[PDB]
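Q: Have a look at this one.
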2 protein chains.
Amino acid sequence: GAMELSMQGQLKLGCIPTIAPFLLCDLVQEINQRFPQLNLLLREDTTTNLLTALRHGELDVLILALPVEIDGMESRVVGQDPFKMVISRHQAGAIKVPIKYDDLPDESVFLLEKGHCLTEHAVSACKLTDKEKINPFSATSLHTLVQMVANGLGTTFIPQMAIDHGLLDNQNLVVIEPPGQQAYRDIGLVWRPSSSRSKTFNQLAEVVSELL
Amino acid sequence: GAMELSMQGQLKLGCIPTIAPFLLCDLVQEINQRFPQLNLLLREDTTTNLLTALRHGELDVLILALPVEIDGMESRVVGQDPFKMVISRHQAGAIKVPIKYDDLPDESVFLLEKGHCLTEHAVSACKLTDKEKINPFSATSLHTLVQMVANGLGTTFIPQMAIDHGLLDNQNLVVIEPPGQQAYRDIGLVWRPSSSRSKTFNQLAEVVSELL
Ligand SMILES: [Cl-]
Ligand SMILES: [Cl-]
């Protein structure tokens, strides 16, 4: 017979569509080795929906792009994710580098629908002020946004973690620096102040910071 | 001065999240060369939302997994996308091959939320009849579903086109054949019967069939 006897057990973690496919792959491989009793149940959803789920106790912690509205929550910024622009190789001649937005055709910049925080972060961080350059057809996923660029329709802003995880592979794209010397987004963890699991969240924050 | 003068112009194409990241990359590279004046505006959304958009004339054509409810629309099946199961390498010993669902632990099969047609297609095609094997926490994207499997939490069904496009890269997974000799989903194009662009859609259908 036998005698019966913080990074242990189950965690429900939410993450946005422009981070989850990329960073969470690395996070899972790291915690598999370093914290092998931690089981991560994962939710992918856009920022507003994740915040509601967090406030309602349906998720324990979020990995978000910041800043976004997170009134009343605890957060910790864990790193920075640079922005690049991308263009198809077959349109790369028709656009000169360094990029000056004023020299692009009108309606040449494709962006995600506004429910995705990537658009607000990229437009402000990369200083796109001329709305006439934005194409009126809004993209609805990062993959189909890139595919439209790969089809030659224009340009867009892409996070570095997507490039590092192969999003552009076999799509014959060229990666360009955007305007601005603050062309990145912050990445952070967000949780409830009343949570008893702060020690767990801060250990996870350290792991995530090492992946950025 | 100068004199002024079917696969030409703009097409709005909708596609589901478990196809769009994979097949559309190939489709864009093929049409870039074969039909260079065809501009593809892309929408990614789940099946029900795409059907509404198609019926309302907000999209021209869909690439769907079939069968799903498409009353009143024209469709054409263009190929078959096999299913596989996946498990983490570190749990691969604890699950014997060939897979018999009855020998899996209860709650070991993770599935997408029901708004994603992958779950109905995979469960019927791969003959999962024992609901006790399904984990009650539903996944909300194909990427985070795979990441939970990579974390060792269980197993799931994945479409072959995702495997062929590198979804499992660097996640230390093992690919297994599911039960059944009809373990695949049909892929098809769907459009309005009153459309005047049938010649365009049938040419696109031929291109897509060559990618499967
Ligand atoms: Cl978002
Ligand atoms: Cl769907």
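Chain labels A, B, ... are given in the sequence in which chains occur in the structure tokens; within each chain residues are numbered consecutively from 1, and ligands are likewise numbered from 1 in the order shown.
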Mind listing as a PyMOL selection string which residues of chain B are within 8 Å of chain A, counting only C-alpha atoms?
A: chain B and resi 20-21+24-25+28-29+32+39-45+137+139-141+143-145+147-148+150-153+170-171
Q: Give the strand (DSSP E) residues of segment 25-88 of chain A, as DSSP finds them on the backbone, and put them as a PyMOL selection string.
A: chain A and resi 38-44+61-66+74-88
Q: Write the residues you've just listed into a file as an mmCIF file, in the first residue's frame, and include N, CA, C and O atoms for each of them.
A:
data_model
loop_
_atom_site.group_PDB
_atom_site.id
_atom_site.type_symbol
_atom_site.label_atom_id
_atom_site.label_comp_id
_atom_site.auth_asym_id
_atom_site.auth_seq_id
_atom_site.Cartn_x
_atom_site.Cartn_y
_atom_site.Cartn_z
ATOM 1 N N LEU A 38 1.986 21.981 -14.839
ATOM 2 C CA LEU A 38 1.090 23.083 -15.169
ATOM 3 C C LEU A 38 0.339 22.751 -16.460
ATOM 4 O O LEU A 38 0.968 22.546 -17.507
ATOM 5 N N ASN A 39 -0.997 22.662 -16.381
ATOM 6 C CA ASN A 39 -1.822 22.362 -17.545
ATOM 7 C C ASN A 39 -2.474 23.655 -17.988
ATOM 8 O O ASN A 39 -3.154 24.300 -17.186
ATOM 9 N N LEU A 40 -2.230 24.070 -19.242
ATOM 10 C CA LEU A 40 -2.723 25.342 -19.740
ATOM 11 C C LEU A 40 -3.960 25.092 -20.591
ATOM 12 O O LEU A 40 -3.833 24.616 -21.718
ATOM 13 N N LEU A 41 -5.144 25.477 -20.099
ATOM 14 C CA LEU A 41 -6.339 25.500 -20.955
ATOM 15 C C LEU A 41 -6.383 26.859 -21.634
ATOM 16 O O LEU A 41 -6.239 27.891 -20.967
ATOM 17 N N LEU A 42 -6.547 26.867 -22.950
ATOM 18 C CA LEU A 42 -6.306 28.073 -23.728
ATOM 19 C C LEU A 42 -7.592 28.563 -24.396
ATOM 20 O O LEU A 42 -8.377 27.770 -24.946
ATOM 21 N N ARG A 43 -7.771 29.884 -24.380
ATOM 22 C CA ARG A 43 -8.883 30.539 -25.060
ATOM 23 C C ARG A 43 -8.301 31.598 -25.971
ATOM 24 O O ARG A 43 -7.519 32.445 -25.524
ATOM 25 N N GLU A 44 -8.723 31.595 -27.227
ATOM 26 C CA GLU A 44 -8.353 32.635 -28.171
ATOM 27 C C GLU A 44 -9.582 33.473 -28.487
ATOM 28 O O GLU A 44 -10.632 32.934 -28.876
ATOM 29 N N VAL A 61 -6.063 34.412 -16.424
ATOM 30 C CA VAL A 61 -5.022 35.368 -16.808
ATOM 31 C C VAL A 61 -5.076 35.516 -18.320
ATOM 32 O O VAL A 61 -5.502 34.593 -19.033
ATOM 33 N N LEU A 62 -4.692 36.691 -18.811
ATOM 34 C CA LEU A 62 -4.650 36.999 -20.240
ATOM 35 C C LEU A 62 -3.242 37.346 -20.653
ATOM 36 O O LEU A 62 -2.486 37.959 -19.887
ATOM 37 N N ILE A 63 -2.900 37.016 -21.891
ATOM 38 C CA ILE A 63 -1.742 37.619 -22.538
ATOM 39 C C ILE A 63 -2.285 38.523 -23.637
ATOM 40 O O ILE A 63 -2.937 38.037 -24.590
ATOM 41 N N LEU A 64 -2.086 39.833 -23.451
ATOM 42 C CA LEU A 64 -2.634 40.877 -24.309
ATOM 43 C C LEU A 64 -1.537 41.713 -24.963
ATOM 44 O O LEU A 64 -0.398 41.759 -24.511
ATOM 45 N N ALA A 65 -1.899 42.380 -26.054
ATOM 46 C CA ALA A 65 -1.130 43.528 -26.511
ATOM 47 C C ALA A 65 -1.616 44.774 -25.768
ATOM 48 O O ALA A 65 -2.832 45.027 -25.690
ATOM 49 N N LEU A 66 -0.664 45.584 -25.286
ATOM 50 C CA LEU A 66 -1.007 46.784 -24.510
ATOM 51 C C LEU A 66 -0.464 48.024 -25.208
ATOM 52 O O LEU A 66 0.521 47.937 -25.931
ATOM 53 N N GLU A 74 -5.099 44.048 -12.810
ATOM 54 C CA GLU A 74 -3.665 44.149 -12.609
ATOM 55 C C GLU A 74 -2.993 43.763 -13.922
ATOM 56 O O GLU A 74 -3.413 42.816 -14.591
ATOM 57 N N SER A 75 -1.927 44.458 -14.282
ATOM 58 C CA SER A 75 -1.168 44.072 -15.474
ATOM 59 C C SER A 75 0.325 44.214 -15.255
ATOM 60 O O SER A 75 0.808 44.910 -14.349
ATOM 61 N N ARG A 76 1.056 43.537 -16.138
ATOM 62 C CA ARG A 76 2.503 43.595 -16.129
ATOM 63 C C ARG A 76 2.984 43.505 -17.567
ATOM 64 O O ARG A 76 2.680 42.519 -18.265
ATOM 65 N N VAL A 77 3.697 44.539 -18.041
ATOM 66 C CA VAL A 77 4.281 44.500 -19.381
ATOM 67 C C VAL A 77 5.525 43.619 -19.324
ATOM 68 O O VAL A 77 6.378 43.798 -18.434
ATOM 69 N N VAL A 78 5.619 42.657 -20.245
ATOM 70 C CA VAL A 78 6.699 41.671 -20.235
ATOM 71 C C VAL A 78 7.605 41.754 -21.453
ATOM 72 O O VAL A 78 8.649 41.067 -21.493
ATOM 73 N N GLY A 79 7.262 42.541 -22.459
ATOM 74 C CA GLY A 79 8.235 42.728 -23.520
ATOM 75 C C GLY A 79 7.625 43.535 -24.639
ATOM 76 O O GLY A 79 6.487 44.003 -24.555
ATOM 77 N N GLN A 80 8.402 43.665 -25.699
ATOM 78 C CA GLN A 80 8.040 44.497 -26.835
ATOM 79 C C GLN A 80 8.146 43.649 -28.088
ATOM 80 O O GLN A 80 9.083 42.849 -28.229
ATOM 81 N N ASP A 81 7.175 43.820 -28.982
ATOM 82 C CA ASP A 81 7.050 43.026 -30.209
ATOM 83 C C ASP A 81 7.136 44.028 -31.375
ATOM 84 O O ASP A 81 6.188 44.792 -31.611
ATOM 85 N N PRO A 82 8.257 44.103 -32.101
ATOM 86 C CA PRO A 82 8.377 45.115 -33.170
ATOM 87 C C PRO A 82 7.346 44.924 -34.277
ATOM 88 O O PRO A 82 6.850 43.824 -34.507
ATOM 89 N N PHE A 83 7.058 46.016 -34.987
ATOM 90 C CA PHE A 83 6.260 45.987 -36.213
ATOM 91 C C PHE A 83 7.176 46.055 -37.427
ATOM 92 O O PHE A 83 8.189 46.768 -37.413
ATOM 93 N N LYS A 84 6.786 45.352 -38.478
ATOM 94 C CA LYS A 84 7.367 45.512 -39.804
ATOM 95 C C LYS A 84 6.246 45.796 -40.789
ATOM 96 O O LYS A 84 5.076 45.521 -40.518
ATOM 97 N N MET A 85 6.606 46.317 -41.940
ATOM 98 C CA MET A 85 5.662 46.306 -43.057
ATOM 99 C C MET A 85 6.037 45.191 -44.028
ATOM 100 O O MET A 85 7.186 44.742 -44.093
ATOM 101 N N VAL A 86 5.053 44.735 -44.802
ATOM 102 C CA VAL A 86 5.321 43.709 -45.802
ATOM 103 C C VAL A 86 4.683 44.118 -47.113
ATOM 104 O O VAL A 86 3.650 44.798 -47.135
ATOM 105 N N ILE A 87 5.326 43.712 -48.193
ATOM 106 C CA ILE A 87 4.847 43.922 -49.555
ATOM 107 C C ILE A 87 5.207 42.685 -50.365
ATOM 108 O O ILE A 87 6.173 41.986 -50.060
ATOM 109 N N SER A 88 4.435 42.413 -51.412
ATOM 110 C CA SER A 88 4.813 41.295 -52.270
ATOM 111 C C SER A 88 6.096 41.614 -53.026
ATOM 112 O O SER A 88 6.362 42.760 -53.407
#
Q: Give the residues close to ligand 2, within 7 Å, counting only C-alpha atoms and all ligand atoms; write them as a list in words.
A: residues 16, 17, 46, 47, 115, 116, 117 and 118 of chain B
Q: What does the distance between atom CA of residue 210 of chain A and atom CA of residue 10 of chain A come to in Å, to one decimal place?
A: 21.9 Å
Q: Just give me the gap between atom CA of residue 178 of chain A and atom CA of residue 156 of chain A in Å, one decimal is fine.
A: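 That distance, rounded to one decimal, is 9.7 Å.
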Q: Measure the distance from atom CA of residue 107 of chain A to atom CA of residue 187 of chain A in Å and round it to one decimal.
A: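 Taking atom CA of residue 107 of chain A and atom CA of residue 187 of chain A, their separation equals 29.2 Å.
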Q: Pick from A:108, A:8, A:91, A:119: nearest to ligand 1, with only C-alpha atoms and all ligand atoms counted?
A: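 Selected residue with least distance to ligand 1: A:119.
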Q: As a PyMOL selection string, please: all residues of segment 35-89 of chain A that backbone DSSP puts in helix (DSSP H, G or I).
A: chain A and resi 47-55+89
Q: Limited to C-alpha atoms, could you put the picked residues into a file as a CSV table (one decimal), in the first residue's frame?
A:
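Output contents, as saved in result.csv:
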chain,number,residue,atom,x,y,z
A,47,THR,CA,-9.5,41.8,-26.5
A,48,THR,CA,-12.9,43.0,-25.4
A,49,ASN,CA,-14.3,39.4,-25.1
A,50,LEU,CA,-11.2,38.3,-23.2
A,51,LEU,CA,-11.6,41.1,-20.7
A,52,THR,CA,-15.2,40.2,-20.0
A,53,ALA,CA,-14.2,36.6,-19.5
A,54,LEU,CA,-11.4,37.6,-17.2
A,55,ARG,CA,-13.7,39.9,-15.1
A,89,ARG,CA,8.1,40.8,-54.1
Q: Could you pull the residues within 12 Å of residue 123 of chain B, counting only C-alpha atoms, minus those fewer than 3 positions along the same chain, as a ChimeraX atom specification?
A: /B:83-85,101,109-112,114,117-120,126-131,133-134,156-158,178-180,182-185
Q: Could the residues in this selection be saved with N, CA and C atoms as a tab-separated table (two decimals), in the first residue's frame?
A:
chain	number	residue	atom	x	y	z
B	83	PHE	N	-8.20	13.70	-42.36
B	83	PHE	CA	-8.01	13.97	-40.94
B	83	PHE	C	-6.89	13.10	-40.39
B	84	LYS	N	-6.13	13.66	-39.46
B	84	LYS	CA	-5.21	12.90	-38.63
B	84	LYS	C	-5.53	13.19	-37.17
B	85	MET	N	-5.05	12.33	-36.29
B	85	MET	CA	-5.02	12.70	-34.88
B	85	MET	C	-3.60	13.11	-34.49
B	101	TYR	N	-10.83	4.47	-29.37
B	101	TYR	CA	-11.33	5.51	-28.47
B	101	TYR	C	-11.65	4.94	-27.09
B	109	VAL	N	-10.15	13.93	-25.42
B	109	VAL	CA	-10.27	14.47	-26.78
B	109	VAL	C	-10.77	15.90	-26.71
B	110	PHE	N	-9.93	16.85	-27.15
B	110	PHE	CA	-10.29	18.25	-27.18
B	110	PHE	C	-10.88	18.57	-28.55
B	111	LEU	N	-11.96	19.36	-28.55
B	111	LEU	CA	-12.59	19.75	-29.81
B	111	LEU	C	-12.89	21.24	-29.83
B	112	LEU	N	-12.91	21.81	-31.04
B	112	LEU	CA	-13.39	23.18	-31.20
B	112	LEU	C	-14.86	23.32	-30.80
B	114	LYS	N	-18.71	24.51	-31.16
B	114	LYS	CA	-19.55	23.93	-32.21
B	114	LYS	C	-19.74	24.85	-33.41
B	117	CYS	N	-17.16	24.03	-37.98
B	117	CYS	CA	-17.65	22.80	-38.57
B	117	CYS	C	-16.64	21.66	-38.48
B	118	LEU	N	-15.39	21.94	-38.14
B	118	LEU	CA	-14.38	20.90	-38.02
B	118	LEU	C	-14.83	19.84	-37.03
B	119	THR	N	-15.47	20.27	-35.94
B	119	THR	CA	-15.84	19.30	-34.90
B	119	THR	C	-16.87	18.30	-35.42
B	120	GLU	N	-17.94	18.78	-36.08
B	120	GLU	CA	-18.94	17.83	-36.59
B	120	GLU	C	-18.36	16.93	-37.66
B	126	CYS	N	-14.50	10.32	-38.34
B	126	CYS	CA	-13.61	9.45	-37.57
B	126	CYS	C	-14.36	8.62	-36.53
B	127	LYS	N	-15.69	8.65	-36.54
B	127	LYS	CA	-16.53	7.68	-35.80
B	127	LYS	C	-16.32	7.75	-34.28
B	128	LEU	N	-16.13	8.95	-33.75
B	128	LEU	CA	-16.12	9.16	-32.30
B	128	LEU	C	-17.56	9.16	-31.84
B	129	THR	N	-18.00	8.07	-31.20
B	129	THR	CA	-19.36	7.99	-30.72
B	129	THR	C	-19.48	8.11	-29.21
B	130	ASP	N	-18.37	8.01	-28.47
B	130	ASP	CA	-18.41	7.98	-27.00
B	130	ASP	C	-18.13	9.37	-26.47
B	131	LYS	N	-19.20	10.07	-26.09
B	131	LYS	CA	-19.04	11.46	-25.68
B	131	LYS	C	-18.22	11.58	-24.41
B	133	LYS	N	-15.34	10.57	-23.88
B	133	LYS	CA	-13.96	10.87	-24.22
B	133	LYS	C	-13.72	12.34	-24.54
B	134	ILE	N	-14.77	13.16	-24.71
B	134	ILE	CA	-14.60	14.57	-25.10
B	134	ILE	C	-14.38	15.44	-23.87
B	156	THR	N	-6.49	15.27	-30.45
B	156	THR	CA	-7.51	15.95	-31.24
B	156	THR	C	-7.34	15.56	-32.69
B	157	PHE	N	-8.31	15.98	-33.52
B	157	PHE	CA	-8.30	15.74	-34.96
B	157	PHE	C	-7.84	17.00	-35.67
B	158	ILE	N	-6.93	16.85	-36.64
B	158	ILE	CA	-6.35	17.99	-37.37
B	158	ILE	C	-6.48	17.74	-38.86
B	178	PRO	N	-6.56	8.29	-37.70
B	178	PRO	CA	-7.77	8.05	-36.91
B	178	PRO	C	-8.43	6.74	-37.29
B	179	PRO	N	-9.38	6.28	-36.48
B	179	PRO	CA	-10.27	5.19	-36.91
B	179	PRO	C	-11.04	5.56	-38.17
B	180	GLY	N	-11.44	4.55	-38.92
B	180	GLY	CA	-12.31	4.75	-40.06
B	180	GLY	C	-11.56	4.84	-41.38
B	182	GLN	N	-13.01	6.56	-43.92
B	182	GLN	CA	-13.56	7.76	-44.56
B	182	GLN	C	-13.20	8.99	-43.75
B	183	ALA	N	-11.98	8.99	-43.19
B	183	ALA	CA	-11.53	10.03	-42.28
B	183	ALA	C	-10.99	11.19	-43.12
B	184	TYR	N	-11.93	11.94	-43.69
B	184	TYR	CA	-11.58	13.17	-44.41
B	184	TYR	C	-12.81	14.07	-44.42
B	185	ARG	N	-12.58	15.32	-44.82
B	185	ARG	CA	-13.67	16.26	-45.09
B	185	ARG	C	-13.61	16.70	-46.55
